[PDB]
Amino acid sequence: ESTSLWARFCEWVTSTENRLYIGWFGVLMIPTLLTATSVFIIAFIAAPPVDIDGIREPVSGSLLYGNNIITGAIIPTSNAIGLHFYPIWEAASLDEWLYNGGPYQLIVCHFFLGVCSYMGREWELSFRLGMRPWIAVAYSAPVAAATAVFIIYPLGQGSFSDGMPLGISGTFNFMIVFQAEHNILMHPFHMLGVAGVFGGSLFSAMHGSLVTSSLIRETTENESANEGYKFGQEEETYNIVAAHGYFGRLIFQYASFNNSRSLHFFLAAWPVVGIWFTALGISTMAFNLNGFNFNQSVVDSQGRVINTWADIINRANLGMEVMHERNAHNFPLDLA
Amino acid sequence: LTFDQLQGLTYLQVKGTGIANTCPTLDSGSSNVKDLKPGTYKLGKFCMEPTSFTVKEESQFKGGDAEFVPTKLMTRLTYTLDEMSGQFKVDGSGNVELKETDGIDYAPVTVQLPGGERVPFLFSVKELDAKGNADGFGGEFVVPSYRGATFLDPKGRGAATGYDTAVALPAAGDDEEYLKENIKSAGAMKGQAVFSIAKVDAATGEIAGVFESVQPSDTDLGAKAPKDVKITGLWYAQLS
Amino acid sequence: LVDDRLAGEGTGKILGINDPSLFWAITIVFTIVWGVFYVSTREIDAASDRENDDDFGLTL
Amino acid sequence: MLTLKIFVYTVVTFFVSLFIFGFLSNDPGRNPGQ
Amino acid sequence: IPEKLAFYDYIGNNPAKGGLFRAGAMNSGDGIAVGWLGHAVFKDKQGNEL
Amino acid sequence: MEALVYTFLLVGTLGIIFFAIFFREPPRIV
Amino acid sequence: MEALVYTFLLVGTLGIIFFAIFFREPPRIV
Amino acid sequence: XXXXXXXXXXXXXXXXXXXXXXXXXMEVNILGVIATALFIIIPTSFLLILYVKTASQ
Amino acid sequence: XXXXXXXXXXXXXXXXXXXXXXXXXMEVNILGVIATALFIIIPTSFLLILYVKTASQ
Amino acid sequence: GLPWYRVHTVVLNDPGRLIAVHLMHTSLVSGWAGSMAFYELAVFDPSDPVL
Amino acid sequence: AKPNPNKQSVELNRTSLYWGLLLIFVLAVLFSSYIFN
Ligand code: CLA
Ligand code: CLA
Ligand code: CLA
Ligand SMILES: CCCCCCCCCCCCCCCC(=O)OC[C@H](CO[C@@H]1O[C@H](CS(=O)(=O)O)[C@@H](O)[C@H](O)[C@H]1O)OC(=O)CCCCCCCCCCCCCCC
Ligand SMILES: CCCCCCCCCCCCCCCC(=O)OC[C@H](CO[C@@H]1O[C@H](CS(=O)(=O)O)[C@@H](O)[C@H](O)[C@H]1O)OC(=O)CCCCCCCCCCCCCCC
Ligand SMILES: CCCCCCCCCCCCCCCC(=O)OC[C@H](COP(=O)(O)OC[C@@H](O)CO)OC(=O)CCCCCCCCCCCCCCC
Ligand code: OEX
Ligand SMILES: [Cl-]
């Protein structure tokens, strides 16, 4: 029916017959994520060492430069750059761009646009399929966490060098330095984050085990129980009342969800809310609102400080603080 | 930009432009240092902006004709020495003696050779004492160690601070294989710089010209042999 | 100096336009996309089966 | 590098323009309900 | 002092000093023991033993 | 040689991902 | 290493002979 | 000639290069190549045997 | 004095034994192990895939 | 069924899948050339062209 | 679209498996000494 080029293009873009839905957020998601993917793979394999701390001490993060999969990483941008925009065209040579940690900014900037567009693309397909539009809201929790460690934390700290390195061992260095400077473990938001993932892991195991325990017999013992379910079934494949009866006796009757809709909202809310707060926690600690500091909180009658477990944590925090970025500090306070 | 032109610009009009890394140009003036009254002047605003970095490489093609190959700058516009002060003595016969005292007088620079080899060096004119005529007056200067005595290597080993062994290897540490790396030294070296006067403004007490400097590279606290770096560029100063 | 660079970093230029050619790159592309969109609005609205009067658009 | 900058400005503007005029093309009407 | 007895007093023969992926024999880690170097007694300048 | 193994393992995993998406068993209604 | 790989190849070849004789496909008339 | 033999080593380096500045890493187990190859092929073959058997019926 | 001659003084052999009584540790390319392994497993898997498919009819 | 040495004979009379099969060998040959060059560039030492 | 009419099914009887396994192992035994060299 449509004869105009744009009318035909817009029909193809929003077409739900494509193998992978594109949509209008996809014309932003696909080019940005492919750009970040291409440079990430190339940089993870063959990028030269990067002077991350701005002290002319390059750090090797590539496979072809002596790293394995665990220790390989895309090194963050140089501390000399700071938060300044460093596209490849602002560098005199591509060798200089690689030396100063250019690929990190290219990945992070295009990746942030990709996940934001991926979130919108999740809404768009739901609208095209006529379903309720809040899977994207649940996806905002991991997006916030990714945005916090790649954008907001570098923003508050003043440098992209303080972002999370794009690597496995680089991630661990990010966490350890983060504990030493902010005491993230004592922050109530990582506490909520831990309850979000420990609880989410618990609820996933319980919901999965309770549904599996209640499968209605539809197969023999020489076949997988999965065969008892046919894709497109109009009837239920497990007995919800039986599962509620088991969990009702397990703790007590009113500690169990009799409602599948309430149960599944709880399965979604608990991890999403938990990840929202731990994402906020990193964002708040980006502006140096650190976790609880109970050092020397307990003192005896004469004033002698009685140590607690918090003070032992401070001893570990002290060790990381005096060792991270060994040659980078000329002055006693780590204000940056 | 002359010195007066630069002073007529706000910091926000310079920040990011890159002209902050340029020595002032001396226009008009004269080409004869004789216009300078003989005496001992006070060197001020002395600045040396490089125009080229070349590093000598041993020739694998035999012949021993080690030549200065071209390089690519790696650390951006952070390589001009400025605010350098001292004394400048002018002789009636045209003899010139320059002596630097304070100021930046040093800047870490890294360049990359063909093949992907980053060669760092500490471009410096520290304790520069040059004597000669107006057309060419050269002298030697102190090139301090690229890394200070308290610089810790990725294994925590340093000169004045750090481990003296490979702690990662409790048994094979302190072996003959690692003796060179375990022991670190921060001794300095020396370089030769030849200056030349091209423009001299007697009225404003400003001089300018070109220079050529040859100095060793970073030795990695004594872990590697230094290469030879030739730095050619412009220079400017204000006698007062 | 030793090398050449755009030297536009941290200079507060409108839309990052260091040279006027970038303006033509953005303007020409936007005009083209706007051009093909403009001559297709009627066809797109016709699919709605309603006329884009003061009562057109998703409304609850 | 300017050639690279102009190419990227052309490319980024192209995909952003499609995004902008894509949602201006009676997007809300593209739904399976009535 | 028997050299066998002294060899037991070496932390390299401790089974809690290895690694999960430091594969092979203990000889592959710190070498093959050749001989005892004798007990090392450290003395201060004034003669006190450290 | 380890770099060869690491790169082969990584691109091998991405190869499986590509095939799992496009060369999958289509979900057919009953 | 070579001596271990030579022995496995040889005993591996002998193992195939054993299966080819006793665990063979039986020849059946029509 | 041993003087000239060591003259080249201290001078311009020898051939065959290495990935990046240095990637020899001779400490690498090398047996890990066989371990990685055997851990890939043996289970992969097991899975492919079952799938092809299944896909053909 | 220095124990540099101590390990030298160990003229009596002290090392894990070689496979031969006359010592068998010769320079063979360890790539032979991988090449032999790949040449065995890859075609063996190919044959087993085809046979198990056929045997299942 | 088909003997193992006659499997690739299925595209004998299928012009569309013959092109696909010849496009696959071309993909592998081109992929080898790029892989071979990258491997050689990781090993080649250009320091001493004469000797 | 319609299914491809050129579909065939590969076959390998047990005696072919033994021949194939014998060739691979015998050829490996032959060339292993040279590959190690
Ligand atoms: C309870 C069983 C057991 C135990 C306690 C040992 C113990 C020992 N063995 Mg041994 N061995 C065993 C079973 C066992 N073996 C079996 C079943 C075999 C036949 C394969 C062998 C064959 C064997 C050989 C050929 C050798 C030994 C050797 C040794 C000694 C060195 C240990 C070592 O470095 O291992 C190291 C263990 C690891 C590096 C990793 C452990 C496994 C991890 C934790 C499991 C992870 C899953 C898996 C690895 C994932 C694969 C990923 C893929 C990329 C590979 C040691 C005392 C060596 C020796 O000292 O010679 C005298 C020697 O060369 N063993
Ligand atoms: C471009 C060259 C070419 C092409 C397109 C073909 C195509 C074909 N040949 Mg053929 N052939 C060729 C060259 C070629 N051949 C040469 C040079 C020889 C002499 C050795 C033969 C000898 C030959 C015989 C005896 C037979 C065929 C058969 C066939 C048909 C089925 C093949 C099959 O399914 O087996 C598939 C093979 C396998 C599944 C495994 C075998 C692969 C070999 C043994 C090793 C693999 C090498 C490596 C992986 C790839 C690199 C090779 C490259 C360097 C050249 C098919 C249409 C068969 C036929 O006629 O059908 C009725 C048959 O009986 N060919
Ligand atoms: C735009 C396409 C293109 C281009 C520009 C190149 C360019 C190049 N290729 Mg490549 N290649 C391509 C496509 C391309 N290739 C494709 C599609 C494949 C997959 C088949 C390959 C596979 C490939 C391999 C395996 C190799 C290269 C290699 C090379 C490099 C050297 C080529 C050479 O000198 O060999 C010379 C080329 C020939 C001698 C071709 C001769 C053609 C014969 C003689 C034709 C005779 C019959 C003919 C029909 C005559 C009848 C008609 C007549 C009467 C007029 C070179 C940079 C080599 C390399 O260095 O690796 C990086 C290498 O080995 N390529
Ligand atoms: C050490 C191991 C190597 C690691 C390599 C990692 C990368 C590749 C991983 C592949 C893993 C997946 C295997 C199973 C796939 C499967 O079942 O496909 C499903 C289809 C179904 O059959 C086809 O199906 C079609 C439709 S459908 O798929 O059935 O819907 C139908 O039309 C057609 O008739 C029928 O034949 O199978 C195929 O025909 C696919 C082609 C055969 C598989 C080839 C895989 C190897 C490719 C080479 C990779 C190495 C070199 C790459 C160079 C660029
Ligand atoms: C010699 C010692 C071992 C050396 C191993 C060396 C490796 C190479 C040789 C083995 C691999 C090749 C064999 C292929 C088998 C085949 O095609 O026929 C399939 C056979 C035929 O029997 C089936 O038996 C059927 C009866 S029933 O259906 O099972 O009742 C009947 O129909 C018919 O006989 C047949 O179909 O099926 C089997 O039941 C055989 C069992 C599976 C094969 C075992 C392989 C591993 C052997 C042991 C390995 C460890 C050795 C150390 C021992 C301590
Ligand atoms: C990517 C690389 C990996 C792919 C490799 C794939 C391997 C290709 C398959 C090759 C092996 C299978 C072919 C043989 C299996 C086989 O016999 O197939 C059977 C075939 C004839 O049988 P049919 O045609 O009746 O059946 C074929 C089957 O497909 C159906 O069952 O014979 C041949 O094809 C020629 C082989 C004769 C003998 C081959 C080698 C003989 C040498 C024996 C050496 C040992 C003794 C030496 C003493 C000196
Ligand atoms: O850059 Mn990365 O880590 Ca944030 O704290 Mn200050 O700065 Mn540096 O030190 Mn600590
Ligand atoms: Cl650190």
# chains A, B, ... in the order shown; residues from 1 in each chain; ligands from 1

$ closest_atom_pairs --of "chain I" --to "chain K" --cutoff "10 Å" --atoms "only C-alpha atoms" --output "JSON lines"
{"residue": "I:26", "atom": "CA", "partner": "K:37", "partner_atom": "CA", "distance": 9.8}
{"residue": "I:27", "atom": "CA", "partner": "K:37", "partner_atom": "CA", "distance": 8.4}
{"residue": "I:28", "atom": "CA", "partner": "K:36", "partner_atom": "CA", "distance": 5.0}
{"residue": "I:29", "atom": "CA", "partner": "K:36", "partner_atom": "CA", "distance": 5.4}
{"residue": "I:30", "atom": "CA", "partner": "K:36", "partner_atom": "CA", "distance": 7.2}
{"residue": "I:31", "atom": "CA", "partner": "K:36", "partner_atom": "CA", "distance": 7.6}
{"residue": "I:32", "atom": "CA", "partner": "K:36", "partner_atom": "CA", "distance": 4.8}
{"residue": "I:33", "atom": "CA", "partner": "K:36", "partner_atom": "CA", "distance": 7.7}
{"residue": "I:35", "atom": "CA", "partner": "K:35", "partner_atom": "CA", "distance": 7.8}
{"residue": "I:36", "atom": "CA", "partner": "K:32", "partner_atom": "CA", "distance": 6.4}
{"residue": "I:37", "atom": "CA", "partner": "K:28", "partner_atom": "CA", "distance": 9.2}
{"residue": "I:39", "atom": "CA", "partner": "K:28", "partner_atom": "CA", "distance": 7.2}
{"residue": "I:40", "atom": "CA", "partner": "K:24", "partner_atom": "CA", "distance": 6.3}
{"residue": "I:41", "atom": "CA", "partner": "K:24", "partner_atom": "CA", "distance": 9.2}
{"residue": "I:42", "atom": "CA", "partner": "K:24", "partner_atom": "CA", "distance": 9.8}
{"residue": "I:43", "atom": "CA", "partner": "K:24", "partner_atom": "CA", "distance": 7.1}
{"residue": "I:44", "atom": "CA", "partner": "K:21", "partner_atom": "CA", "distance": 6.4}
{"residue": "I:45", "atom": "CA", "partner": "K:21", "partner_atom": "CA", "distance": 9.8}
{"residue": "I:46", "atom": "CA", "partner": "K:20", "partner_atom": "CA", "distance": 9.7}
{"residue": "I:47", "atom": "CA", "partner": "K:17", "partner_atom": "CA", "distance": 6.1}
{"residue": "I:48", "atom": "CA", "partner": "K:17", "partner_atom": "CA", "distance": 7.3}
{"residue": "I:49", "atom": "CA", "partner": "K:12", "partner_atom": "CA", "distance": 9.1}
{"residue": "I:50", "atom": "CA", "partner": "K:12", "partner_atom": "CA", "distance": 5.6}
{"residue": "I:51", "atom": "CA", "partner": "K:12", "partner_atom": "CA", "distance": 5.0}
{"residue": "I:52", "atom": "CA", "partner": "K:12", "partner_atom": "CA", "distance": 8.4}
{"residue": "I:53", "atom": "CA", "partner": "K:11", "partner_atom": "CA", "distance": 7.7}
{"residue": "I:54", "atom": "CA", "partner": "K:11", "partner_atom": "CA", "distance": 5.5}
{"residue": "I:55", "atom": "CA", "partner": "K:13", "partner_atom": "CA", "distance": 7.3}
{"residue": "I:57", "atom": "CA", "partner": "K:11", "partner_atom": "CA", "distance": 9.1}

$ residues_around --residues "residue H:15" --least-positions-apart "2" --cutoff "10 Å" --atoms "only C-alpha atoms" --output "list in words"
residues 12, 13, 17 and 18 of chain H; 43, 44, 45, 46, 47, 48 and 51 of chain J

$ write_last_selection --atoms "C-alpha atoms" --output "CSV table (one decimal), in the first residue's frame"
chain,number,residue,atom,x,y,z
H,12,UNK,CA,70.3,-4.7,17.4
H,13,UNK,CA,68.1,-7.5,18.5
H,17,UNK,CA,60.3,-11.0,16.9
H,18,UNK,CA,57.6,-11.5,19.5
J,43,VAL,CA,56.2,-13.2,13.9
J,44,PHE,CA,58.0,-11.2,11.2
J,45,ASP,CA,61.1,-9.2,12.3
J,46,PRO,CA,61.7,-6.3,9.8
J,47,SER,CA,64.8,-5.0,11.7
J,48,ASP,CA,67.4,-6.8,9.6
J,51,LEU,CA,70.8,-10.8,6.8

$ residues_around --residues "residue F:3" --least-positions-apart "4" --cutoff "8 Å" --atoms "only C-alpha atoms" --output "PyMOL selection string"
(chain A and resi 63-64+68) or (chain F and resi 7)

$ residues_near_ligand --ligand "ligand 2" --cutoff "9 Å" --atoms "only C-alpha atoms and all ligand atoms" --output "ChimeraX atom specification"
/I:46 /J:3-12,22

$ residues_around --residues "residue B:67" --least-positions-apart "2" --cutoff "7 Å" --atoms "only C-alpha atoms" --output "ChimeraX atom specification"
/B:56-57,65,69

$ write_last_selection --atoms "N, CA, C and O atoms" --output "CSV table (one decimal), in the first residue's frame"
chain,number,residue,atom,x,y,z
B,56,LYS,N,68.3,8.6,17.8
B,56,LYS,CA,69.3,7.8,17.1
B,56,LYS,C,69.0,6.3,17.3
B,56,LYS,O,68.8,5.8,18.4
B,57,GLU,N,69.1,5.6,16.2
B,57,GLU,CA,68.9,4.1,16.2
B,57,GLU,C,70.2,3.5,15.6
B,57,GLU,O,70.7,3.9,14.6
B,65,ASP,N,76.4,3.5,10.8
B,65,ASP,CA,75.9,4.8,10.5
B,65,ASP,C,74.6,5.1,11.3
B,65,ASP,O,73.5,5.3,10.7
B,69,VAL,N,66.3,8.9,13.5
B,69,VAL,CA,65.1,8.6,12.8
B,69,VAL,C,64.0,9.5,13.3
B,69,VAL,O,64.0,9.9,14.4

$ atom_distance --atom1 "atom CA of residue B:75" --atom2 "atom CA of residue B:26"
27.4 Å

$ calpha_fit_rmsd --fixed "chain I" --moving "chain H"
2.6 Å

$ select_by_dssp --residues "chain F" --states "alpha helix (DSSP H)" --output "list in words"
residues 2, 3, 4, 5, 6, 7, 8, 9, 10, 11, 12, 13, 14, 15, 16, 17, 18, 19, 20, 21 and 22 of chain F

$ residues_around --residues "stretch 71-73 of chain B" --least-positions-apart "2" --cutoff "8 Å" --atoms "only C-alpha atoms" --output "ChimeraX atom specification"
/A:93,95-96 /B:53-55,69,75-76,109-114 /C:2-3

$ write_last_selection --atoms "N, CA, C and O atoms" --output "PDB file, in the first residue's frame"
ATOM      1  N   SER A  93      47.703  11.865  16.205  1.00  0.00           N
ATOM      2  CA  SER A  93      47.889  10.603  15.514  1.00  0.00           C
ATOM      3  C   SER A  93      47.084   9.532  16.230  1.00  0.00           C
ATOM      4  O   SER A  93      46.748   9.664  17.408  1.00  0.00           O
ATOM      5  N   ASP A  95      48.280   6.741  17.004  1.00  0.00           N
ATOM      6  CA  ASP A  95      49.170   6.221  18.037  1.00  0.00           C
ATOM      7  C   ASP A  95      49.008   6.991  19.339  1.00  0.00           C
ATOM      8  O   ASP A  95      49.032   6.404  20.426  1.00  0.00           O
ATOM      9  N   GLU A  96      48.875   8.313  19.250  1.00  0.00           N
ATOM     10  CA  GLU A  96      48.646   9.118  20.442  1.00  0.00           C
ATOM     11  C   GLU A  96      47.289   8.815  21.058  1.00  0.00           C
ATOM     12  O   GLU A  96      47.150   8.775  22.285  1.00  0.00           O
TER      13      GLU A  96
ATOM     14  N   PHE B  53      61.544  16.040  17.209  1.00  0.00           N
ATOM     15  CA  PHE B  53      62.192  15.058  18.071  1.00  0.00           C
ATOM     16  C   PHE B  53      62.668  13.917  17.188  1.00  0.00           C
ATOM     17  O   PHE B  53      61.858  13.278  16.511  1.00  0.00           O
ATOM     18  N   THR B  54      63.968  13.652  17.197  1.00  0.00           N
ATOM     19  CA  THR B  54      64.536  12.518  16.485  1.00  0.00           C
ATOM     20  C   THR B  54      65.395  11.711  17.444  1.00  0.00           C
ATOM     21  O   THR B  54      66.076  12.274  18.304  1.00  0.00           O
ATOM     22  N   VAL B  55      65.350  10.390  17.302  1.00  0.00           N
ATOM     23  CA  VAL B  55      66.044   9.475  18.198  1.00  0.00           C
ATOM     24  C   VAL B  55      67.009   8.638  17.377  1.00  0.00           C
ATOM     25  O   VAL B  55      66.624   8.064  16.353  1.00  0.00           O
ATOM     26  N   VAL B  69      66.308   8.868  13.526  1.00  0.00           N
ATOM     27  CA  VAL B  69      65.088   8.561  12.785  1.00  0.00           C
ATOM     28  C   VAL B  69      63.965   9.472  13.268  1.00  0.00           C
ATOM     29  O   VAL B  69      63.990   9.928  14.420  1.00  0.00           O
ATOM     30  N   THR B  75      52.746  12.303  23.962  1.00  0.00           N
ATOM     31  CA  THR B  75      52.228  12.891  25.188  1.00  0.00           C
ATOM     32  C   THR B  75      51.580  14.251  24.983  1.00  0.00           C
ATOM     33  O   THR B  75      51.369  14.967  25.965  1.00  0.00           O
ATOM     34  N   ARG B  76      51.281  14.627  23.741  1.00  0.00           N
ATOM     35  CA  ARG B  76      50.563  15.858  23.431  1.00  0.00           C
ATOM     36  C   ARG B  76      51.379  17.083  23.825  1.00  0.00           C
ATOM     37  O   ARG B  76      52.575  16.972  24.102  1.00  0.00           O
ATOM     38  N   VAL B 109      58.744  13.704  28.036  1.00  0.00           N
ATOM     39  CA  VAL B 109      58.247  13.531  26.679  1.00  0.00           C
ATOM     40  C   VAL B 109      58.418  12.073  26.285  1.00  0.00           C
ATOM     41  O   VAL B 109      59.445  11.457  26.587  1.00  0.00           O
ATOM     42  N   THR B 110      57.410  11.517  25.625  1.00  0.00           N
ATOM     43  CA  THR B 110      57.474  10.168  25.084  1.00  0.00           C
ATOM     44  C   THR B 110      57.213  10.242  23.591  1.00  0.00           C
ATOM     45  O   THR B 110      56.296  10.943  23.157  1.00  0.00           O
ATOM     46  N   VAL B 111      58.031   9.550  22.808  1.00  0.00           N
ATOM     47  CA  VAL B 111      57.836   9.461  21.369  1.00  0.00           C
ATOM     48  C   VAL B 111      57.901   7.999  20.966  1.00  0.00           C
ATOM     49  O   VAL B 111      58.449   7.160  21.687  1.00  0.00           O
ATOM     50  N   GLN B 112      57.319   7.690  19.815  1.00  0.00           N
ATOM     51  CA  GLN B 112      57.248   6.324  19.324  1.00  0.00           C
ATOM     52  C   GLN B 112      58.025   6.198  18.025  1.00  0.00           C
ATOM     53  O   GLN B 112      57.779   6.943  17.073  1.00  0.00           O
ATOM     54  N   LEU B 113      58.943   5.259  17.994  1.00  0.00           N
ATOM     55  CA  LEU B 113      59.772   4.943  16.846  1.00  0.00           C
ATOM     56  C   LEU B 113      59.027   4.036  15.882  1.00  0.00           C
ATOM     57  O   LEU B 113      58.044   3.389  16.252  1.00  0.00           O
ATOM     58  N   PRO B 114      59.455   3.986  14.622  1.00  0.00           N
ATOM     59  CA  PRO B 114      58.933   2.965  13.707  1.00  0.00           C
ATOM     60  C   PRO B 114      59.122   1.564  14.264  1.00  0.00           C
ATOM     61  O   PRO B 114      60.237   1.167  14.611  1.00  0.00           O
TER      62      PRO B 114
ATOM     63  N   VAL C   2      55.470  20.370  17.178  1.00  0.00           N
ATOM     64  CA  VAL C   2      56.000  19.232  16.444  1.00  0.00           C
ATOM     65  C   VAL C   2      54.957  18.555  15.560  1.00  0.00           C
ATOM     66  O   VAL C   2      55.324  18.007  14.510  1.00  0.00           O
ATOM     67  N   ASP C   3      53.680  18.591  15.927  1.00  0.00           N
ATOM     68  CA  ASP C   3      52.646  17.911  15.164  1.00  0.00           C
ATOM     69  C   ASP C   3      51.463  18.846  14.960  1.00  0.00           C
ATOM     70  O   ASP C   3      51.410  19.952  15.506  1.00  0.00           O
TER      71      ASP C   3
END

$ residues_around --residues "stretch 41-57 of chain A" --least-positions-apart "5" --cutoff "7 Å" --atoms "only C-alpha atoms" --output "list in words"
residues 62, 63, 64, 72, 73, 74, 75, 76, 77, 78, 79, 80, 98, 99, 100, 101, 161 and 328 of chain A

$ write_last_selection --atoms "C-alpha atoms" --output "mmCIF file, in the first residue's frame"
data_model
loop_
_atom_site.group_PDB
_atom_site.id
_atom_site.type_symbol
_atom_site.label_atom_id
_atom_site.label_comp_id
_atom_site.auth_asym_id
_atom_site.auth_seq_id
_atom_site.Cartn_x
_atom_site.Cartn_y
_atom_site.Cartn_z
ATOM 1 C CA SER A 62 45.839 -6.533 25.364
ATOM 2 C CA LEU A 63 46.160 -10.223 24.546
ATOM 3 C CA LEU A 64 48.974 -9.609 22.087
ATOM 4 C CA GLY A 72 43.187 -8.540 29.635
ATOM 5 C CA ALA A 73 41.277 -5.278 29.746
ATOM 6 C CA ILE A 74 40.577 -2.052 27.914
ATOM 7 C CA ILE A 75 42.432 0.454 30.083
ATOM 8 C CA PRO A 76 40.514 3.632 31.009
ATOM 9 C CA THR A 77 41.464 6.988 29.547
ATOM 10 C CA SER A 78 44.547 8.771 30.850
ATOM 11 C CA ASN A 79 44.306 10.846 34.010
ATOM 12 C CA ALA A 80 45.817 13.735 32.051
ATOM 13 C CA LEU A 98 45.808 4.690 21.672
ATOM 14 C CA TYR A 99 48.483 5.793 24.148
ATOM 15 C CA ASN A 100 46.155 8.121 26.054
ATOM 16 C CA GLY A 101 43.349 5.590 26.417
ATOM 17 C CA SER A 161 40.502 6.950 34.526
ATOM 18 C CA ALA A 328 50.468 9.032 41.381
#

$ residues_near_ligand --ligand "ligand 8" --cutoff "12 Å" --atoms "only C-alpha atoms and all ligand atoms" --output "NGL selection string"
(:A and (52-53 or 59 or 161-162 or 165 or 169-178 or 180 or 319-329)) or (:B and (152-156))

$ interface_residues --of "chain G" --to "chain K" --cutoff "7 Å" --atoms "only C-alpha atoms" --output "number ranges by chain"
G: 9-10, 13, 16, 20, 25

$ closest_atom_pairs --of "chain F" --to "ligand 1" --cutoff "12 Å" --atoms "only C-alpha atoms and all ligand atoms" --output "CSV"
residue,atom,partner,partner_atom_place_in_ligand_line,distance
F:2,CA,ligand 1,54 (C),11.7
F:5,CA,ligand 1,54 (C),10.0
F:6,CA,ligand 1,54 (C),10.3
F:9,CA,ligand 1,54 (C),9.8

$ residues_around --residues "residue F:28" --least-positions-apart "3" --cutoff "10 Å" --atoms "only C-alpha atoms" --output "count of residues only"
4

$ interface_residues --of "chain A" --to "chain C" --cutoff "8 Å" --atoms "only C-alpha atoms" --output "VMD selection string"
chain A and resid 2 4 to 7 84 to 86 89 to 92

$ residues_near_ligand --ligand "ligand 3" --cutoff "9 Å" --atoms "only C-alpha atoms and all ligand atoms" --output "PyMOL selection string"
chain J and resi 23+25-38

$ residues_near_ligand --ligand "ligand 5" --cutoff "6 Å" --atoms "only C-alpha atoms and all ligand atoms" --output "list in words"
residues 12, 15, 16, 18, 19 and 23 of chain G; 14 of chain K

$ closest_residue --among "I:3, I:25, I:56, I:14" --to "chain G" --atoms "only C-alpha atoms"
I:25
